file data28.txt (compact mmCIF, C-alpha atoms)
# COMPACT_ATOMS: atom_id res chain seq x y z
CA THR J 596 -6.90 -34.86 -23.49
CA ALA J 597 -7.05 -38.63 -23.13
CA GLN J 598 -8.99 -40.28 -20.30
CA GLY J 599 -6.34 -41.84 -18.07
CA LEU J 600 -7.70 -44.63 -15.93
CA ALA J 601 -5.99 -45.38 -12.62
CA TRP J 602 -6.70 -46.55 -9.07
CA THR J 603 -6.74 -43.55 -6.82
CA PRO J 604 -6.58 -44.55 -3.12
CA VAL J 605 -10.28 -43.61 -2.86
CA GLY J 606 -11.27 -45.91 -5.73
CA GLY J 607 -11.56 -45.78 -9.47
CA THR J 608 -11.90 -42.84 -11.83
CA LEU J 609 -10.60 -41.42 -15.11
CA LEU J 610 -7.72 -39.01 -14.55
CA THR J 611 -8.22 -37.36 -17.91
CA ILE J 612 -5.14 -35.46 -19.03
CA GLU J 613 -5.32 -31.74 -19.48
CA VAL J 614 -2.08 -30.61 -21.07
CA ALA J 615 -0.60 -27.30 -22.12
CA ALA J 616 1.25 -26.17 -25.22
CA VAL J 617 2.95 -23.31 -23.39
CA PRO J 618 5.87 -21.65 -25.22
CA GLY J 619 8.97 -21.24 -23.12
CA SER J 620 12.37 -22.81 -22.46
CA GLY J 621 11.57 -26.52 -22.61
CA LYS J 622 10.76 -27.14 -18.96
CA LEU J 623 8.41 -29.88 -17.86
CA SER J 624 6.43 -29.51 -14.70
CA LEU J 625 3.43 -31.44 -13.49
CA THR J 626 0.66 -30.89 -10.98
CA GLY J 627 -1.51 -32.78 -8.57
CA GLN J 628 1.52 -32.95 -6.22
CA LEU J 629 1.98 -36.58 -7.21
CA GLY J 630 4.68 -39.20 -6.89
CA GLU J 631 7.83 -38.84 -8.91
CA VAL J 632 7.00 -42.07 -10.77
CA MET J 633 4.46 -39.86 -12.51
CA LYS J 634 7.30 -37.58 -13.58
CA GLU J 635 9.58 -40.26 -14.96
CA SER J 636 6.64 -41.97 -16.65
CA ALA J 637 6.17 -38.61 -18.32
CA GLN J 638 9.86 -38.57 -19.19
CA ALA J 639 9.50 -42.06 -20.64
CA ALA J 640 6.67 -40.83 -22.80
CA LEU J 641 8.66 -37.72 -23.72
CA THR J 642 11.66 -39.89 -24.46
CA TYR J 643 9.74 -41.89 -27.02
CA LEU J 644 8.35 -38.65 -28.44
CA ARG J 645 11.79 -37.11 -28.74
CA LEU E 547 -33.07 -1.33 13.33
CA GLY E 548 -33.17 -1.26 17.12
CA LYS E 549 -30.92 1.80 17.34
CA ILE E 550 -32.98 3.49 14.63
CA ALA E 551 -36.18 2.76 16.52
CA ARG E 552 -34.80 3.97 19.80
CA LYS E 553 -33.41 7.22 18.41
CA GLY E 554 -36.82 7.83 16.95
CA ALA E 555 -38.19 7.21 20.45
CA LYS E 556 -35.78 9.72 21.97
CA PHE E 557 -36.51 12.49 19.52
CA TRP E 558 -40.23 11.80 19.83
CA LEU E 559 -40.16 11.82 23.65
CA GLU E 560 -38.89 15.39 23.62
CA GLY E 561 -42.21 16.29 21.98
CA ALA E 562 -44.44 14.84 19.28
CA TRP E 563 -44.18 17.36 16.47
CA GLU E 564 -45.93 15.04 14.03
CA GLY E 565 -47.91 11.84 13.94
CA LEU E 566 -45.57 10.54 11.22
CA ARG E 567 -41.91 11.54 10.83
CA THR E 568 -39.91 10.17 7.91
CA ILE E 569 -36.68 8.23 8.30
CA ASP E 570 -34.67 8.44 5.10
CA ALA E 571 -31.18 8.15 3.62
CA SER E 572 -28.32 10.19 5.10
CA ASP E 573 -30.70 11.18 7.93
CA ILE E 574 -29.36 8.07 9.67
CA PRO E 575 -26.07 9.70 10.84
CA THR E 576 -28.40 12.43 12.03
CA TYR E 577 -29.98 9.69 14.14
CA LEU E 578 -27.17 7.19 14.63
CA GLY E 579 -23.37 7.26 14.59
CA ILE E 580 -20.93 7.29 11.70
CA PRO E 581 -21.83 5.15 8.69
CA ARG E 582 -19.90 2.26 10.12
CA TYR E 583 -18.57 1.11 6.79
CA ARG E 584 -18.84 2.33 3.22
CA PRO E 585 -21.93 1.26 1.27
CA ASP E 586 -22.11 -1.45 -1.40
CA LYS E 587 -19.29 -1.54 -3.98
CA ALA E 588 -21.46 -2.30 -7.05
CA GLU E 589 -19.65 0.56 -8.88
CA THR E 590 -15.97 0.43 -7.72
CA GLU E 591 -13.84 1.37 -10.79
CA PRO E 592 -11.27 -0.13 -13.26
CA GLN E 593 -8.27 -0.74 -11.00
CA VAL E 594 -5.03 -2.42 -12.03
CA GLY E 595 -4.19 -5.06 -9.45
CA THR E 596 -6.62 -7.60 -7.94
CA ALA E 597 -10.07 -9.14 -7.81
CA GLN E 598 -12.80 -10.49 -5.56
CA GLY E 599 -14.69 -13.75 -6.10
CA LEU E 600 -18.14 -15.26 -5.59
CA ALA E 601 -18.32 -18.07 -3.05
CA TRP E 602 -19.66 -19.21 0.33
CA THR E 603 -17.68 -18.90 3.49
CA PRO E 604 -19.09 -21.35 6.10
CA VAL E 605 -20.34 -18.26 7.91
CA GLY E 606 -21.83 -16.81 4.71
CA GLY E 607 -22.05 -16.62 0.94
CA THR E 608 -19.77 -13.69 0.36
CA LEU E 609 -16.90 -12.28 -1.66
CA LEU E 610 -13.21 -12.62 -0.73
CA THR E 611 -10.58 -10.02 -1.56
CA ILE E 612 -8.26 -12.45 -3.32
CA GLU E 613 -5.30 -10.16 -3.64
CA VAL E 614 -3.10 -10.54 -6.71
CA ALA E 615 -0.45 -8.00 -7.66
CA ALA E 616 1.24 -7.52 -11.01
CA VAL E 617 4.58 -6.70 -9.41
CA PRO E 618 7.68 -6.76 -11.67
CA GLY E 619 9.86 -9.42 -10.09
CA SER E 620 11.78 -12.62 -10.75
CA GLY E 621 8.80 -14.49 -12.20
CA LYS E 622 6.65 -16.62 -9.92
CA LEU E 623 3.22 -16.82 -8.37
CA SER E 624 3.41 -15.57 -4.82
CA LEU E 625 0.40 -16.95 -2.98
CA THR E 626 1.46 -15.05 0.10
CA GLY E 627 -0.64 -15.85 3.15
CA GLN E 628 -0.68 -19.71 3.26
CA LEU E 629 -3.35 -19.93 0.63
CA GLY E 630 -5.54 -22.59 -0.93
CA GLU E 631 -3.75 -24.24 -3.83
CA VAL E 632 -6.87 -24.38 -5.99
CA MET E 633 -6.25 -20.67 -6.49
CA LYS E 634 -2.64 -21.54 -7.29
CA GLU E 635 -3.20 -24.12 -10.02
CA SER E 636 -6.24 -22.30 -11.36
CA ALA E 637 -4.03 -19.26 -11.65
CA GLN E 638 -1.45 -21.20 -13.63
CA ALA E 639 -4.30 -22.54 -15.77
CA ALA E 640 -5.28 -18.95 -16.39
CA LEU E 641 -1.70 -17.77 -16.85
CA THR E 642 -1.23 -20.82 -19.06
CA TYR E 643 -3.95 -19.68 -21.43
CA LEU E 644 -2.48 -16.20 -21.18
CA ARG E 645 0.92 -17.61 -22.12
CA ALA E 646 -0.79 -19.21 -25.08
CA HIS E 647 -2.54 -15.89 -25.75
CA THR E 648 0.24 -13.45 -25.00
CA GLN E 649 0.19 -12.29 -28.60
CA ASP E 650 -3.54 -11.77 -28.22
CA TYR E 651 -3.66 -9.48 -25.22
CA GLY E 652 -0.61 -7.21 -25.44
CA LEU E 653 1.40 -9.10 -22.84
CA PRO E 654 5.19 -9.31 -23.21
CA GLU E 655 6.77 -12.31 -24.88
CA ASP E 656 7.93 -13.55 -21.48
CA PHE E 657 6.22 -12.60 -18.25
CA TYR E 658 6.16 -15.97 -16.48
CA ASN E 659 9.78 -15.06 -15.66
CA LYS E 660 9.73 -11.31 -16.11
CA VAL E 661 7.07 -10.55 -13.45
CA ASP E 662 5.84 -12.22 -10.28
CA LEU E 663 2.31 -12.39 -8.95
CA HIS E 664 1.80 -11.40 -5.32
CA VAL E 665 -1.32 -13.41 -4.43
CA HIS E 666 -3.20 -13.14 -1.13
CA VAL E 667 -6.48 -14.87 -0.24
CA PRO E 668 -8.48 -13.67 2.83
CA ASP E 669 -9.22 -17.28 3.84
CA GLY E 670 -6.35 -19.66 4.53
CA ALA E 671 -8.54 -22.43 3.13
CA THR E 672 -11.13 -22.28 0.34
CA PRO E 673 -14.63 -20.96 1.20
CA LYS E 674 -16.19 -23.10 -1.52
CA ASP E 675 -14.64 -26.21 -2.99
CA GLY E 676 -13.08 -25.53 -6.34
CA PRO E 677 -11.81 -22.22 -7.62
CA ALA E 678 -15.37 -20.93 -7.64
CA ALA E 679 -14.28 -17.69 -9.34
CA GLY E 680 -11.36 -18.94 -11.39
CA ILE E 681 -12.27 -16.91 -14.45
CA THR E 682 -12.62 -13.82 -12.27
CA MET E 683 -9.03 -13.87 -11.11
CA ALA E 684 -8.09 -15.01 -14.60
CA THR E 685 -9.61 -11.82 -15.91
CA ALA E 686 -7.90 -9.82 -13.19
CA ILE E 687 -4.56 -11.42 -13.98
CA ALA E 688 -4.96 -10.62 -17.65
CA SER E 689 -6.00 -7.08 -16.84
CA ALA E 690 -3.18 -6.49 -14.38
CA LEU E 691 -0.46 -8.06 -16.52
CA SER E 692 -1.80 -6.01 -19.39
CA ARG E 693 -0.91 -2.98 -17.22
CA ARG E 694 -4.62 -2.11 -17.44
CA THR H 596 10.12 3.01 13.91
CA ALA H 597 6.59 4.17 13.27
CA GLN H 598 4.68 4.43 16.52
CA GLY H 599 1.45 2.79 15.46
CA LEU H 600 -1.71 3.15 17.49
CA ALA H 601 -4.05 0.68 19.15
CA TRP H 602 -7.09 0.67 21.38
CA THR H 603 -6.12 -1.66 24.20
CA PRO H 604 -8.08 -2.65 27.35
CA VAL H 605 -4.91 -1.99 29.40
CA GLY H 606 -4.38 1.67 28.47
CA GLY H 607 -4.77 3.90 25.45
CA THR H 608 -1.32 4.24 23.93
CA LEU H 609 0.78 3.85 20.81
CA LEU H 610 2.17 0.63 19.36
CA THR H 611 5.90 1.26 19.03
CA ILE H 612 5.99 -0.59 15.76
CA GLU H 613 9.65 -1.11 14.91
CA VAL H 614 10.62 -2.88 11.71
CA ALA H 615 14.07 -4.23 10.97
CA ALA H 616 15.91 -3.23 7.85
CA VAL H 617 18.93 -5.47 8.27
CA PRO H 618 20.97 -7.08 5.49
CA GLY H 619 20.52 -10.82 5.27
CA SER H 620 18.64 -13.44 3.28
CA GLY H 621 15.98 -10.98 2.15
CA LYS H 622 12.67 -11.78 3.79
CA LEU H 623 10.06 -10.79 6.35
CA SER H 624 9.79 -12.16 9.85
CA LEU H 625 7.02 -13.06 12.30
CA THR H 626 7.33 -10.88 15.40
CA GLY H 627 4.07 -10.43 17.32
CA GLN H 628 2.96 -13.88 16.08
CA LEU H 629 -0.19 -12.38 14.56
CA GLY H 630 -0.13 -12.83 10.77
CA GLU H 631 -3.62 -12.18 9.40
CA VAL H 632 -3.54 -8.52 10.39
CA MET H 633 0.07 -7.48 10.25
CA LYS H 634 2.02 -9.80 7.94
CA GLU H 635 -0.52 -9.93 5.13
CA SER H 636 -1.19 -6.20 5.32
CA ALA H 637 2.50 -5.42 5.49
CA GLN H 638 3.02 -7.69 2.52
CA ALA H 639 0.27 -5.87 0.65
CA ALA H 640 1.74 -2.52 1.59
CA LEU H 641 5.09 -3.88 0.52
CA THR H 642 3.56 -4.65 -2.86
CA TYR H 643 2.92 -1.00 -3.53
CA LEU H 644 6.29 -0.31 -1.98
CA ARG H 645 7.66 -2.53 -4.74
CA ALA H 646 6.03 -0.01 -7.00
CA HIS H 647 8.77 2.64 -7.26
CA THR H 648 11.41 1.48 -4.77
CA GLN H 649 14.04 3.90 -6.12
CA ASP H 650 11.85 6.89 -5.26
CA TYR H 651 13.03 6.24 -1.72
CA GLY H 652 16.58 5.02 -2.39
CA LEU H 653 15.45 1.47 -1.63
CA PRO H 654 17.85 -1.20 -2.97
CA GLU H 655 15.51 -3.26 -5.15
CA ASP H 656 17.01 -6.51 -3.87
CA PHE H 657 15.74 -5.83 -0.34
CA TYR H 658 13.57 -8.95 -0.48
CA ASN H 659 16.74 -10.51 -1.91
CA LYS H 660 19.09 -9.17 0.78
CA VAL H 661 17.22 -7.47 3.66
CA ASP H 662 15.39 -9.49 6.30
CA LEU H 663 12.41 -7.79 7.92
CA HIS H 664 11.81 -8.28 11.62
CA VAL H 665 8.62 -6.26 11.61
CA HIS H 666 7.18 -5.85 15.06
CA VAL H 667 3.73 -4.68 16.04
CA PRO H 668 3.62 -4.77 19.84
CA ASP H 669 0.87 -6.28 21.99
CA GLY H 670 1.77 -9.40 20.01
CA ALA H 671 -1.40 -10.05 18.06
CA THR H 672 -4.01 -7.42 17.21
CA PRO H 673 -4.90 -5.17 20.20
CA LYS H 674 -7.82 -3.50 18.42
CA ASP H 675 -9.01 -6.86 16.99
CA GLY H 676 -9.27 -5.38 13.54
CA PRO H 677 -6.93 -4.07 10.87
CA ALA H 678 -6.48 -0.45 11.76
CA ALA H 679 -2.71 -0.25 11.43
CA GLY H 680 -1.60 -0.75 7.84
CA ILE H 681 -0.15 2.58 6.56
CA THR H 682 1.68 2.48 9.93
CA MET H 683 3.87 -0.50 8.92
CA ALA H 684 4.00 1.04 5.41
CA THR H 685 5.66 4.26 6.53
CA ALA H 686 7.65 2.23 9.06
CA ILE H 687 9.32 0.13 6.40
CA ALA H 688 9.62 3.19 4.20
CA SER H 689 11.66 4.86 6.93
CA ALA H 690 13.54 1.72 7.94
CA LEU H 691 14.50 0.47 4.49
CA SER H 692 16.05 3.88 3.92
CA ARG H 693 18.07 3.24 7.13
CA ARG H 694 17.23 6.83 8.11
CA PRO H 695 15.72 8.34 11.27
CA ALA H 696 11.97 8.31 11.31
CA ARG H 697 10.43 11.13 13.29
CA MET H 698 9.11 11.01 16.81
CA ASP H 699 5.96 12.33 18.55
CA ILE H 700 3.97 10.92 15.60
CA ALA H 701 1.67 8.10 16.68
CA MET H 702 -0.30 7.03 13.66
CA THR H 703 -3.10 4.86 12.13
CA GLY H 704 -4.44 3.63 8.79
CA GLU H 705 -4.79 0.62 6.44
CA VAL H 706 -3.05 0.64 2.97
CA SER H 707 -4.10 -1.77 0.15
CA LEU H 708 -1.92 -3.75 -2.33
CA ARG H 709 -2.98 -1.29 -5.08
CA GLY H 710 -1.59 2.08 -3.97
CA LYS H 711 -5.00 2.48 -2.35
CA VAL H 712 -5.64 3.34 1.29
CA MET H 713 -8.85 1.60 2.29
CA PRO H 714 -11.42 3.17 4.66
CA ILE H 715 -11.12 2.19 8.31
CA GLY H 716 -13.20 2.20 11.48
CA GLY H 717 -12.28 2.07 15.15
CA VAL H 718 -10.88 5.55 14.60
CA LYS H 719 -12.56 7.33 17.53
CA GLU H 720 -10.68 5.04 19.91
CA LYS H 721 -7.48 5.79 17.98
CA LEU H 722 -7.96 9.59 18.11
CA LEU H 723 -8.55 8.97 21.83
CA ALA H 724 -5.63 6.47 22.06
CA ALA H 725 -3.26 9.19 21.01
CA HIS H 726 -4.41 11.88 23.47
CA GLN H 727 -4.21 9.45 26.36
CA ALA H 728 -0.50 8.97 25.70
CA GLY H 729 0.92 12.46 25.07
CA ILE H 730 0.39 12.58 21.29
CA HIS H 731 -1.27 15.19 19.11
CA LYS H 732 -0.55 13.89 15.57
CA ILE H 733 -2.04 10.89 13.70
CA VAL H 734 -2.42 9.90 10.02
CA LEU H 735 -5.85 8.91 8.62
CA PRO H 736 -7.02 7.16 5.44
CA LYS H 737 -8.51 9.43 2.82
CA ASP H 738 -11.49 7.19 2.00
CA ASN H 739 -12.84 7.74 5.50
CA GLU H 740 -14.44 10.99 4.33
CA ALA H 741 -17.34 10.57 6.75
CA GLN H 742 -14.88 10.16 9.65
CA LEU H 743 -14.51 13.93 10.11
CA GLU H 744 -18.15 14.79 9.42
CA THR K 596 25.78 -18.84 34.07
CA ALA K 597 24.39 -15.34 34.43
CA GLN K 598 22.88 -13.59 37.45
CA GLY K 599 19.47 -13.07 35.92
CA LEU K 600 18.19 -11.87 39.27
CA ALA K 601 14.43 -11.92 39.80
CA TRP K 602 12.79 -10.79 43.06
CA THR K 603 10.32 -13.34 44.43
CA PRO K 604 7.12 -11.95 45.98
CA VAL K 605 7.97 -13.97 49.10
CA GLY K 606 11.44 -13.37 50.50
CA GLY K 607 14.31 -12.60 48.17
CA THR K 608 16.58 -14.74 46.08
CA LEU K 609 19.28 -14.55 43.42
CA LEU K 610 17.91 -16.51 40.45
CA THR K 611 20.61 -18.55 38.70
CA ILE K 612 21.36 -22.08 37.46
CA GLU K 613 24.35 -24.20 36.53
CA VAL K 614 24.56 -24.29 32.73
CA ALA K 615 25.56 -26.88 30.15
CA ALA K 616 26.71 -26.14 26.60
CA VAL K 617 24.83 -28.49 24.26
CA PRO K 618 23.88 -26.42 21.17
CA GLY K 619 22.16 -27.16 17.88
CA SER K 620 18.53 -26.12 17.18
CA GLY K 621 16.13 -23.53 18.52
CA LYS K 622 14.37 -25.55 21.21
CA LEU K 623 15.49 -24.50 24.67
CA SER K 624 12.45 -25.76 26.55
CA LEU K 625 11.29 -25.46 30.16
CA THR K 626 8.11 -26.18 32.12
CA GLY K 627 8.70 -23.05 34.17
CA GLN K 628 4.99 -22.56 35.07
CA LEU K 629 5.30 -19.05 33.60
CA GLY K 630 2.62 -16.37 33.61
CA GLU K 631 0.56 -15.41 30.59
CA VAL K 632 2.33 -12.09 30.02
CA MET K 633 5.51 -14.07 30.44
CA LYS K 634 3.98 -16.65 28.08
CA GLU K 635 3.59 -14.07 25.32
CA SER K 636 7.01 -12.65 26.21
CA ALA K 637 8.38 -16.16 25.64
CA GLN K 638 6.52 -16.32 22.33
CA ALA K 639 8.35 -13.11 21.49
CA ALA K 640 11.56 -14.71 22.77
CA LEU K 641 11.11 -17.28 20.01
CA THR K 642 12.00 -14.69 17.39
CA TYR K 643 14.35 -13.08 19.89
CA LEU K 644 16.64 -15.87 18.73
CA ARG K 645 16.74 -13.80 15.55

call {"tool": "encode", "arguments": {"input": "data28.txt", "output": "structure tokens"}}
result
Amino acid sequence: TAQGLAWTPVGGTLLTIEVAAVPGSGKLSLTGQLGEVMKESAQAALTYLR
Amino acid sequence: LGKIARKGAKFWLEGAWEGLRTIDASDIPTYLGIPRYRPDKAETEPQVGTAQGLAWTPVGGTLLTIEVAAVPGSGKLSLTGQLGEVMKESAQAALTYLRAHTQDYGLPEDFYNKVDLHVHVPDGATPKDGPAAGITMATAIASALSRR
Amino acid sequence: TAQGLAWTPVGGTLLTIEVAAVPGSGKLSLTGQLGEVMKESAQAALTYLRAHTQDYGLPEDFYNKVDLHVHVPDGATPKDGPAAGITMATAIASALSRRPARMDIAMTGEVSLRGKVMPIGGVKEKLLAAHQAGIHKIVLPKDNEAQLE
Amino acid sequence: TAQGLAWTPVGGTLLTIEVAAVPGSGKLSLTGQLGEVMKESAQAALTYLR
């Protein structure tokens, strides 16, 4: 985990990042039912990692 | 307690055979109707499929038969019954650890795809905020997927 | 068809609970618009039905190819209480075989999602609610041991 | 047009309309002032589309 800071529409908080090292087939999902900008920010991260 | 008292009054009004009669267990269907439901399930028994969790419904702090079923299917989590998602994502958090611990607890190498999970929660919403018994269903999921 | 049973304030009779085993998308349908008594319990019964489908000749892709228009009459619950589970269980067991279920059997009960049949109440009105309407055969849950005591 | 005949309590009539043909989605809607048993029969008639 890192402690992600962001402006939720109810104010400020730390959206700390729980994250799983699940074996599988290489799929990426996300939760919170958030905007897709979250997903492609994750792909940007994952792109630098790869 | 009213019906108990009144049945005592009826059997006493036919004649006072004693100054003190004793009301005791299983002598209640002698005095009232059928045991209207089964008594407390503090014993139950090891059973494969689902769990029940500690919470507070707004009309009471009580358990909910959160059904989960280790059905062999296409691999999903079937919260059937329009259920609270906190059960959903807590269940993937559980099943996530289980996927990380599949070599630990006799689970198959793949079960996220090999079997579904037929989930049913008695309340459409959540009785208490947060998956107040997340580890309970986690345990049940592990037990059920372990075919135990 | 499994003629389920209800205790109604309009006459003691049987719920002609018909369930559709028709090829299609593979699903279950809302029929009496009830849900919390019939759809969830039918789903739970269907879970144990998904245990050992080929005991009964059931094509395993029924939820993949057979749509279920599963109809408890009186719309919603007539007894106001789950008393009619094993009913829809044996109904879909007969229907999904696409074979004639029997007749003159009006029945009761509540199955679980774990091959368990739970204990039920409201049974006196059901044992009554058969003899009002020309029936002398019901099915009862086993856990209700005190029900015939 | 179909002779869906329904006997009125007062007098007697042959219930029928002139019909369009404008298909597309399951919302044939009428403020027919229906009864409650006919209300639940209509709620059944919802899935009677299936």

call {"tool": "interface_residues", "arguments": {"input": "data28.txt", "of": "chain E", "to": "chain H", "cutoff": "8 Å", "atoms": "all atoms listed in the file", "output": "VMD selection string"}}
result
chain E and resid 580 to 584 593 to 596 613 615 617 626 to 627 664 666

call {"tool": "interface_residues", "arguments": {"input": "data28.txt", "of": "chain J", "to": "chain E", "cutoff": "12 Å", "atoms": "only C-alpha atoms", "output": "PDB file with C-alpha atoms, keeping the file's coordinate frame"}}
result
ATOM      1  CA  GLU J 613      -5.320 -31.740 -19.480  1.00  0.00           C
ATOM      2  CA  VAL J 614      -2.080 -30.610 -21.070  1.00  0.00           C
ATOM      3  CA  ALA J 615      -0.600 -27.300 -22.120  1.00  0.00           C
ATOM      4  CA  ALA J 616       1.250 -26.170 -25.220  1.00  0.00           C
ATOM      5  CA  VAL J 617       2.950 -23.310 -23.390  1.00  0.00           C
ATOM      6  CA  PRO J 618       5.870 -21.650 -25.220  1.00  0.00           C
ATOM      7  CA  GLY J 619       8.970 -21.240 -23.120  1.00  0.00           C
ATOM      8  CA  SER J 620      12.370 -22.810 -22.460  1.00  0.00           C
ATOM      9  CA  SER J 624       6.430 -29.510 -14.700  1.00  0.00           C
ATOM     10  CA  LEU J 625       3.430 -31.440 -13.490  1.00  0.00           C
ATOM     11  CA  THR J 626       0.660 -30.890 -10.980  1.00  0.00           C
ATOM     12  CA  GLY J 627      -1.510 -32.780  -8.570  1.00  0.00           C
ATOM     13  CA  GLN J 628       1.520 -32.950  -6.220  1.00  0.00           C
TER      14      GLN J 628
END

call {"tool": "calpha_fit_rmsd", "arguments": {"input": "data28.txt", "fixed": "chain J", "moving": "chain K"}}
result
3.2 Å

call {"tool": "residues_around", "arguments": {"input": "data28.txt", "residues": "residue 663 (chain E)", "least_positions_apart": "3", "cutoff": "7 Å", "atoms": "all atoms listed in the file", "output": "ChimeraX atom specification"}}
result
/E:614-617,622-624

call {"tool": "residues_around", "arguments": {"input": "data28.txt", "residues": "residue 705 (chain H)", "least_positions_apart": "3", "cutoff": "10 Å", "atoms": "all atoms listed in the file", "output": "ChimeraX atom specification"}}
result
/H:636-637,640,677-684,711-716,735-736

call {"tool": "interface_residues", "arguments": {"input": "data28.txt", "of": "chain K", "to": "chain H", "cutoff": "12 Å", "atoms": "all atoms listed in the file", "output": "ChimeraX atom specification"}}
result
/K:632,634-645

call {"tool": "atom_distance", "arguments": {"input": "data28.txt", "atom1": "CA of residue 634 (chain E)", "atom2": "CA of residue 680 (chain E)"}}
result
10.0 Å

call {"tool": "closest_residue", "arguments": {"input": "data28.txt", "among": "E:694, E:674, E:689, E:564", "to": "residue 601 (chain E)", "atoms": "all atoms listed in the file"}}
result
E:674

call {"tool": "closest_residue", "arguments": {"input": "data28.txt", "among": "E:682, E:640, E:688, E:672", "to": "residue 653 (chain E)", "atoms": "all atoms listed in the file"}}
result
E:688

call {"tool": "atom_distance", "arguments": {"input": "data28.txt", "atom1": "CA of residue 597 (chain J)", "atom2": "CA of residue 677 (chain E)"}}
result
23.1 Å

call {"tool": "atom_distance", "arguments": {"input": "data28.txt", "atom1": "CA of residue 671 (chain E)", "atom2": "CA of residue 632 (chain E)"}}
result
9.5 Å

call {"tool": "closest_residue", "arguments": {"input": "data28.txt", "among": "H:616, H:632, H:641, H:730", "to": "residue 691 (chain H)", "atoms": "only C-alpha atoms"}}
result
H:616

call {"tool": "residues_around", "arguments": {"input": "data28.txt", "residues": "residue 599 (chain K)", "least_positions_apart": "3", "cutoff": "8 Å", "atoms": "only C-alpha atoms", "output": "list in words"}}
result
residues 609, 610 and 611 of chain K

call {"tool": "build_atoms", "arguments": {"input": "data28.txt", "residues": "region 654-665 of chain E", "atoms": "N, CA and C atoms", "output": "mmCIF file, keeping the file's coordinate frame"}}
result
data_model
loop_
_atom_site.group_PDB
_atom_site.id
_atom_site.type_symbol
_atom_site.label_atom_id
_atom_site.label_comp_id
_atom_site.auth_asym_id
_atom_site.auth_seq_id
_atom_site.Cartn_x
_atom_site.Cartn_y
_atom_site.Cartn_z
ATOM 1 N N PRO E 654 3.848 -9.118 -22.661
ATOM 2 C CA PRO E 654 5.190 -9.310 -23.210
ATOM 3 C C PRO E 654 5.402 -10.760 -23.615
ATOM 4 N N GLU E 655 6.485 -10.975 -24.363
ATOM 5 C CA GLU E 655 6.770 -12.310 -24.880
ATOM 6 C C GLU E 655 7.074 -13.271 -23.743
ATOM 7 N N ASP E 656 7.728 -12.783 -22.697
ATOM 8 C CA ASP E 656 7.930 -13.550 -21.480
ATOM 9 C C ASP E 656 7.479 -12.700 -20.304
ATOM 10 N N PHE E 657 6.594 -13.248 -19.497
ATOM 11 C CA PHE E 657 6.220 -12.600 -18.250
ATOM 12 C C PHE E 657 6.132 -13.601 -17.118
ATOM 13 N N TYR E 658 6.039 -14.887 -17.436
ATOM 14 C CA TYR E 658 6.160 -15.970 -16.480
ATOM 15 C C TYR E 658 7.462 -15.899 -15.694
ATOM 16 N N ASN E 659 8.511 -15.352 -16.303
ATOM 17 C CA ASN E 659 9.780 -15.060 -15.660
ATOM 18 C C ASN E 659 9.992 -13.580 -15.404
ATOM 19 N N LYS E 660 9.387 -12.716 -16.212
ATOM 20 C CA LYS E 660 9.730 -11.310 -16.110
ATOM 21 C C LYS E 660 9.002 -10.626 -14.959
ATOM 22 N N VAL E 661 7.836 -11.135 -14.549
ATOM 23 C CA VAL E 661 7.070 -10.550 -13.450
ATOM 24 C C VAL E 661 6.538 -11.643 -12.535
ATOM 25 N N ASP E 662 6.412 -11.316 -11.255
ATOM 26 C CA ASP E 662 5.840 -12.220 -10.280
ATOM 27 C C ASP E 662 4.328 -12.081 -10.273
ATOM 28 N N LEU E 663 3.727 -12.606 -9.213
ATOM 29 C CA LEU E 663 2.310 -12.390 -8.950
ATOM 30 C C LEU E 663 2.079 -12.516 -7.456
ATOM 31 N N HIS E 664 2.001 -11.386 -6.765
ATOM 32 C CA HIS E 664 1.800 -11.400 -5.320
ATOM 33 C C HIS E 664 0.338 -11.707 -5.024
ATOM 34 N N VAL E 665 0.047 -12.949 -4.644
ATOM 35 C CA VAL E 665 -1.320 -13.410 -4.430
ATOM 36 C C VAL E 665 -1.601 -13.534 -2.943
#
